[PDB]
Amino acid sequence: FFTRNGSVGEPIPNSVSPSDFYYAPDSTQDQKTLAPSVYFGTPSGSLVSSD
Amino acid sequence: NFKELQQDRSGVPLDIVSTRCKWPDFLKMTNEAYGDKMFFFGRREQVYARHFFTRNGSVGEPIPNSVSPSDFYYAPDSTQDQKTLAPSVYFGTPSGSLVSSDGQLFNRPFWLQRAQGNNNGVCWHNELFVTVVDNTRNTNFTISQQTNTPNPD
Amino acid sequence: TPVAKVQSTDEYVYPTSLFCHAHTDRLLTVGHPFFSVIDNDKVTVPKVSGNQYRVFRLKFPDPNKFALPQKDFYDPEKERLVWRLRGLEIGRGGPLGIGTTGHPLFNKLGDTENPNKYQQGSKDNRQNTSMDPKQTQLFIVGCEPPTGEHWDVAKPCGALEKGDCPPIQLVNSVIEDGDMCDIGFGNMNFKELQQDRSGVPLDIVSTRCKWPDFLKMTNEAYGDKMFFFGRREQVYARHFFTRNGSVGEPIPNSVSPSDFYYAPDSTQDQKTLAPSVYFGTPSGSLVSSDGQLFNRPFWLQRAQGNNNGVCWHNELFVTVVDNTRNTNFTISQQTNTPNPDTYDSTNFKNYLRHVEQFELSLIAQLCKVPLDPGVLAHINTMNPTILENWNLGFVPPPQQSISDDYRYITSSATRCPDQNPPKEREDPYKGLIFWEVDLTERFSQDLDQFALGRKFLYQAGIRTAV
Amino acid sequence: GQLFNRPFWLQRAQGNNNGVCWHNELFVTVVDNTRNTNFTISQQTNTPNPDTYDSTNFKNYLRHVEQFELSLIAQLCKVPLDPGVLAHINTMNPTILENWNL
Amino acid sequence: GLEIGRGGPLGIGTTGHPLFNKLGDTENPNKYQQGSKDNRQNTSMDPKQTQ
Amino acid sequence: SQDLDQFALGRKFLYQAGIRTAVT
Amino acid sequence: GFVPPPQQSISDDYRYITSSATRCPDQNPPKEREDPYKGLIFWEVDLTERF
Numbered sequence: 256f257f258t259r260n261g262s263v264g265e266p267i268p269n270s271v272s273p274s275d276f277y278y279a280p281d282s283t284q285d286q287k288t289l290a291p292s293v294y295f296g297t298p299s300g301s302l303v304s305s306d
Numbered sequence: 205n206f207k208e209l210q211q212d213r214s215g216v217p218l219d220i221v222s223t224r225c226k227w228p229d230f231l232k233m234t235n236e237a238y239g240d241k242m243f244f245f246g247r248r249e250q251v252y253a254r255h256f257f258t259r260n261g262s263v264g265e266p267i268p269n270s271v272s273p274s275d276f277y278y279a280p281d282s283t284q285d286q287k288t289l290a291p292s293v294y295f296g297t298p299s300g301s302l303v304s305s306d307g308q309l310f311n312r313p314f315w316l317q318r319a320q321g322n323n324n325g326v327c328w329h330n331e332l333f334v335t336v337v338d339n340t341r342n343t344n345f346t347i348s349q350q351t352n353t354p355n356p357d
Numbered sequence: 017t018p019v020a021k022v023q024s025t026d027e028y029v030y031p032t033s034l035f036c037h038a039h040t041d042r043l044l045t046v047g048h049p050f051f052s053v054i055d056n057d058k059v060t061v062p063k064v065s066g067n068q069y070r071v072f073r074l075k076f077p078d079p080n081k082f083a084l085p086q087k088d089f090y091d092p093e094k095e096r097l098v099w100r101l102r103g104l105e106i107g108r109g110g111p112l113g114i115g116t117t118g119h120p121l122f123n124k125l126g127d128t129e130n131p132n133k134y135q136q137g138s139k140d141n142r143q144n145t146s147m148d149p150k151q152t153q154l155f156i157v158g159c160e161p162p163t164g165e166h167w168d169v170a171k172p173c174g175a176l177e178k179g180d181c182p183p184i185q186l187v188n189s190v191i192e193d194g195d196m197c198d199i200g201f202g203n204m205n206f207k208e209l210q211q212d213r214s215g216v217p218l219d220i221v222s223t224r225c226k227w228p229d230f231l232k233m234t235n236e237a238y239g240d241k242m243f244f245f246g247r248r249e250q251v252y253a254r255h256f257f258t259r260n261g262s263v264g265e266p267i268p269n270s271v272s273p274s275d276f277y278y279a280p281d282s283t284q285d286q287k288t289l290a291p292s293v294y295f296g297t298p299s300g301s302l303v304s305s306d307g308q309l310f311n312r313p314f315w316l317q318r319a320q321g322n323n324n325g326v327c328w329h330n331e332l333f334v335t336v337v338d339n340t341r342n343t344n345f346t347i348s349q350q351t352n353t354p355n356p357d358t359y360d361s362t363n364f365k366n367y368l369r370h371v372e373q374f375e376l377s378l379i380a381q382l383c384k385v386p387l388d389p390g391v392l393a394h395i396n397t398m399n400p401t402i403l404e405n406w407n408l409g410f411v412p413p414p415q416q417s418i419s420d421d422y423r424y425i426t427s428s429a430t431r432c433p434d435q436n437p438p439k440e441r442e443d444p445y446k447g448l449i450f451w452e453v454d455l456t457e458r459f460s461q462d463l464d465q466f467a468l469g470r471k472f473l474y475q476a477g478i479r480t481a482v
Numbered sequence: 307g308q309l310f311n312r313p314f315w316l317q318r319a320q321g322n323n324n325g326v327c328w329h330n331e332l333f334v335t336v337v338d339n340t341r342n343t344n345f346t347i348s349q350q351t352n353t354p355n356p357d358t359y360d361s362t363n364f365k366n367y368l369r370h371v372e373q374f375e376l377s378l379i380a381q382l383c384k385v386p387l388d389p390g391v392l393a394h395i396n397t398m399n400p401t402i403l404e405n406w407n408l
Numbered sequence: 103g104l105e106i107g108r109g110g111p112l113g114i115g116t117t118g119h120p121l122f123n124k125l126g127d128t129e130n131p132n133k134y135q136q137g138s139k140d141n142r143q144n145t146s147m148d149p150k151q152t153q
Numbered sequence: 460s461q462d463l464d465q466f467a468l469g470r471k472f473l474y475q476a477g478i479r480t481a482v483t
Numbered sequence: 409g410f411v412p413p414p415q416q417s418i419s420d421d422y423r424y425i426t427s428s429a430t431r432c433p434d435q436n437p438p439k440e441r442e443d444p445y446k447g448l449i450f451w452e453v454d455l456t457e458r459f
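Protein sequence lines correspond, in order, to chains V, Z, R, U, B, W and E.
So the first sequence is numbered by the UniProt record's numbering: it starts at 256 and just counts up by one.
So the second sequence is numbered by the UniProt record's numbering: it starts at 205 and just counts up by one.
So the third sequence is numbered by the UniProt record's numbering: it starts at 17 and just counts up by one.
So the fourth sequence is numbered by the UniProt record's numbering: it starts at 307 and just counts up by one.
So the fifth sequence is numbered by the UniProt record's numbering: it starts at 103 and just counts up by one.
So the sixth sequence is numbered by the UniProt record's numbering: it starts at 460 and just counts up by one.
So the seventh sequence is numbered by the UniProt record's numbering: it starts at 409 and just counts up by one.
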């Protein structure tokens, strides 16, 4: 499960639907900027079987 | 209800952090007297725990100092490492395993011969509700755009 | 004199064609998954975990006091009635999901699945370690409470020194509501066998994990503890870990694979032997809706034992474990002030809550027992409380006696008349805790109107009258 | 995937001995690696009194407990020992006749 | 007819050697390793399942 | 013992062969 | 002239009744089927296997 790199096309809205509140990590010197929320999985076709 | 139960707004991923996750009330819809809410249904659910994590925050209920805390019982007060307990609010990261073509519910005709309740497929009011969840085709396609011009090398 | 050789209920219990439906409205319970929250004494939030036994004690209405319209099918001078369980459904309401348990201070030294180099030892090497337990589903139904087994501390035949290994004994007990199921660390008394209090996760560290004794429950003479059961259980070893502590039993200095002595004398780092006390973390893999025991009707045609589903005493015990809906929901509350614009970890109080949901539905058949001398003697030898509950035995031995009835009982010109002594003393299962369900006011003859009822009618053919 | 806790009815054996328990003996050979849970139990023997966890303190042990229960259904069979059956049994295993008589 | 009763709960137990003869992991090695006197390690495993 | 129905395997053997104990 | 009592007669027999940590030899009190000739010495002759 990976991320993408690039300019954000659509940023995360300022409101958090789980908590019903706005959120920002402005109290910390790390999280102040969001990481890219553009996720992608790598597929995997599992075991190939003769049956 | 993640909106009113988790004011942290950061306890579950973006698509559900502000939504309500509902499960179908099979017990109530089945025990309805006329049997109108559903007269046929199917389900295939599966999950395993992929990763096991903690929650960061102020502890809401401290672990009791008796045998209810397990290993954290016997206070490591003598040892500068383990004086303060790690958060005992664990959450697992879910994972729906391998999607297969064999396990597919959809793209098959169903014949409603005998319904579950007393309503045997009568579409009262000229109306019918079909409820579908299919988490086996949930692949999100990554798009890109070359906004700053296709010119540079 | 009377009889030997326990006979089937099908020989002295005559069925009728009268079937009744009875069900619970919906049984919900909300609690904490690991430990009960108290203030200091009174329980504020109980322990509700998805790895507990749910032992429902179902109470039936006495069929001998049912006002049937024409009672001419049975004689209350020579006959008595009983309920026989014929259909059942154990409904389960929550979504499928796996919850995890852990200990903030677990006795785990290292990971010995693959060690990049040899290791060390100090004081308090405990770690915060969580795990998903073994997956277990079971259902037992009977007219007596289930028997569970676990390994416990016994008294040795001589004295030992301080820190010696406690001797094991297999201890049978009743399984109660809120007892813990086995989770992959065995069936053992963690409170007595592990004085560390850090050897297993928080929800079991002080509990007794019990397993149903199927070997004793099938091999009992009358077959009353269970007359039907289903079970599914799955586990694999997820990680492979080591204990920390003083090694109670050393490894023997002789190596039986090579027939030689061995010591790491040539290698300075390996001279002190690393702990050979290993443990795996269990893991109940992928849960599936295909593998589900519950939300299915079960028709009890032929019981396992000689009790063919007869609910003696108007009682039924339904014992459920469902480790397939053990999703613990993580709650959070914003304390102090609902005004900050920046996230702080001190601003939020994290909580855990587990919610279970059950719905129980049964089809009971009325049966008549004609109480002839040999049937009476056999029922009395099997269980005296049956012939006490049903008015017939204990014909009245003494005669009348004067009690002299002193007119002014609270005067000082006579002796003290105090007597009035007895509090009611009936319940023999009072020391045990069950999820008591009352179905006395829930019996109905209109099977067509209920989901299990019409499932029973469809299975038996028997369509409703038009 | 369990093999155990199930009745197995010996209708016909694999070989020429159709379930006959010669010499009044039966061998039952079981391996069961699906119940190999080692119960890790510790004792506080060097630690009565302390309210702070120490490692020197607790003595760790390992234990394992097996439980078996074997049930069988035997049938009585009779063998009429003529010259041909006696010589055939003597050829198969002399100990059978030496244990009986004849 | 015969039946073999089995009483304990299901479960997998692990075993190991405190001084097991392993030099290195060869499933995925990042680069070349080394070696000396007494390279033994504490290593546990779950055995083959057999009934 | 010859009283087969008294034991779990013995009544399983009886159920398998039909062979039910005579009702007294 | 005796029925089975409603309690049952399942005996718990340990395989190593001399070992430490199993409580007792379990059978001190001679309650059931003791002849009153316990106090008298006779030349006890067993003819059970001699008929």
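Ideal placement from N, C-alpha and C gives every residue a C-beta, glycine not left out.
Going along chain U, which residues have a C-beta under 7 Å from residue i?
i               : result
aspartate 281/Z : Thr358
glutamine 475/W : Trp315
Mind pulling the chain R residues with CB within less than 9 Å of residue i?
i             : result
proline 354/U : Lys178
Can you list, in chain order, the residues of its chain with a C-beta nearer than 6 Å to that of residue i? Leave out the 5 residues immediately preceding and following it.
i                : result
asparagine 324/R : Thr25, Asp26
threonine 346/Z  : none
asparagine 396/R : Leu403
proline 437/R    : none
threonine 32/R   : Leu382
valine 61/R      : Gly47, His48, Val53
Distance check for residue j and residue i, CA to CA, integer angstroms please.
i                : j                : result
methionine 242/R : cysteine 159/R   : 7 Å
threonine 116/B  : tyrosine 28/R    : 53 Å
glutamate 331/U  : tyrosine 424/E   : 23 Å
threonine 340/R  : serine 274/V     : 27 Å
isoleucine 220/R : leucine 376/R    : 28 Å
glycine 261/R    : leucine 112/B    : 27 Å
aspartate 357/R  : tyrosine 278/V   : 7 Å
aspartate 338/U  : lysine 439/E     : 41 Å
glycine 164/R    : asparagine 203/R : 10 Å
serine 428/E     : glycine 174/R    : 6 Å
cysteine 432/E   : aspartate 168/R  : 16 Å
What does residue i reach in chain U if we use C-beta pairs closer than 9 Å?
i                : result
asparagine 260/R : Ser361, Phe364, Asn366
Check the C-beta distance from residue i over to residue j and give it rounded, since I have them as a contact under 8 Å.
i                   : j                   : result
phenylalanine 245/R : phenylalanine 333/R : So it is not a contact: roughly 12 Å between Cβ atoms.
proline 49/R        : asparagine 344/R    : 5 Å
Enumerate in chain order the residues of its own chain whose CB-to-CB distance from residue i is below 8 Å, with the five nearest sequence positions on each side excluded.
i                : result
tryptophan 328/R : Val98, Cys159, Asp240, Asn399, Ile402
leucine 368/R    : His48, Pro49, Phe50, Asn344, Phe345, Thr346, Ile347
Which chain R residues sit within Cβ distance under 7 Å of residue i?
i               : result
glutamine 465/W : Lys21, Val22
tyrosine 278/V  : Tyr359
Residues of chain W with CB closer than 9 Å to the CB of residue i, please, in chain order.
i               : result
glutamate 105/B : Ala467, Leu468, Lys471
Residue i touches chain B at which residues, Cβ-Cβ below 7 Å?
i              : result
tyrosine 252/R : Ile114
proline 131/R  : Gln143, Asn144, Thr145
Who are the Cβ neighbours of residue i in its own chain at under 7 Å, not counting the five residues just before and after it?
i             : result
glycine 126/B : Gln135
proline 291/R : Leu125, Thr258, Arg259, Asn260, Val263
For a contact meaning CB atoms closer than 7 Å, what does residue i contact in chain Z?
i                   : result
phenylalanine 257/V : Residues of chain Z passing the Cβ test: none, with the nearest at roughly 11 Å.
Just to make sure I have the definition right: I need the residues of chain Z whose C-beta is within less than 9 Å of the C-beta of residue i. Which are they?
i            : result
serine 428/R : What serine 428/R touches in chain Z: nothing, since even the nearest Cβ is about 54 Å away.
For the ligand GTP, is there any heavy atom lying closer than 7 Å to the beta carbon of residue i?
i            : result
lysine 446/R : As presented, the structure is devoid of all ligands, the ligand GTP included, so that no description of it is given.
Count Cβ pairs between the region 139 to 146 of chain R and the region 384 to 397 of chain U that sit closer than 8 Å; are there 3 or more? In this structure the region 139 to 146 of chain R does not lie against the region 384 to 397 of chain U, because fewer than three pairs of beta carbons, one per stretch, are closer than 8 Å.
Segment contact, 8 Å Cβ cut-off, at least three pairs: the region 98 to 106 of chain R with the region 369 to 382 of chain R: Yes, the region 98 to 106 of chain R touches the region 369 to 382 of chain R.
Should the region 190 to 210 of chain R be called in touch with the region 74 to 82 of chain R, which here means at least 3 C-beta pairs below 8 Å? Two segments are said to touch when three or more pairs of C-beta atoms, one from each, lie closer than 8 Å; by this definition the region 190 to 210 of chain R does not touch the region 74 to 82 of chain R.
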